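I have placed the structure first, in the form of structure tokens, so that the comments after it can refer back to it.
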Amino acid sequence: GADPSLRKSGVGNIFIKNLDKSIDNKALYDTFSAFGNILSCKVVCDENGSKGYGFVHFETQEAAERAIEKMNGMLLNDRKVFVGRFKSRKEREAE
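The authors' numbering applies: residue 88 is where the sequence shown begins, and numbers increase by one.
Below, the structure written as structure tokens:
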């Protein structure tokens with residue numbers, strides 16, 4: 088498999104919207120890691136650079152909450168990103 092923690096129960100799971108094409112997993116990690124360790128961050132990239140959204144898996148639950156407050160509404164390289172709680176769908180097991 089890949090990772091069954093791709094829900095809201097992966098601890099510290101957040102989603103980011105409106106990223107710049109120059110944003111890679113490294114770039115996302117480089118910024119958000121300051122809030123806490125990341126196990127699996129991802130910038131879903133289009134041919135031109137990025138589809139305009141990314142995801143963080145934080146080591147710690149609290150670090151994720153920091154990333155949400157701290158990064159939401161900020162400019163990353165040029166584009167203001169929206170960071171929020173990763174609501175995968177509708178699960179009972181979710182934090």
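Heads up, the beta-carbon is just placed ideally off N, CA and C, and yes, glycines get one too.
Which residues share a DSSP beta bridge with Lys129?
What you label residue 129 is simply residue 42 of the sequence shown in a count that begins at 1. According to DSSP, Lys129 shares a beta bridge with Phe142.
Evaluate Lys95 with the Cβ neighbour count: other Cβ atoms within 10 Å of its Cβ, from every protein chain shown; 16 or more gives buried, anything less gives exposed.
Reading the sequence shown from its first residue, position 8 is the one you call residue 95. Buried, because 16 or more other Cβ atoms sit within 10 Å of the Cβ of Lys95.
Would the stretch 92-106 count as touching the stretch 150-163 if we require 3 or more Cβ pairs under 8 Å?
yes
Going by the beta-carbon positions, is the gap between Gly141 and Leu162 smaller than 8 Å?
Position 54 of the sequence shown, counting from 1, holds the residue named residue 141. Position 75 of the sequence shown, counting from 1, holds the residue named residue 162. Contact: no.
Tell me, please, which residues DSSP counts as bridged to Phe169.
The residue labelled residue 169 in the question sits at position 82 within the sequence shown. According to DSSP, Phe169 bridges with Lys104.
Quick one: measure Cβ to Cβ for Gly123 and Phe145, integer angstroms, because I've assumed they're closer than 8 Å.
One-based indexing of the sequence shown puts residue 123 at position 36. One-based indexing of the sequence shown puts residue 145 at position 58. Contact holds; Cβ gap of about 5 Å.
Should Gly97 be labelled buried (16 or more other beta-carbon atoms within 10 Å of its own) or exposed?
If you number the sequence shown from 1, residue 97 lands on position 10. Buried is the call here.
By DSSP's criteria, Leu163 is part of a beta bridge. Which residues make up the other side?
Position 76 of the sequence shown, counted from the start, is the residue given in the question as residue 163. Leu163 pairs with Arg166.
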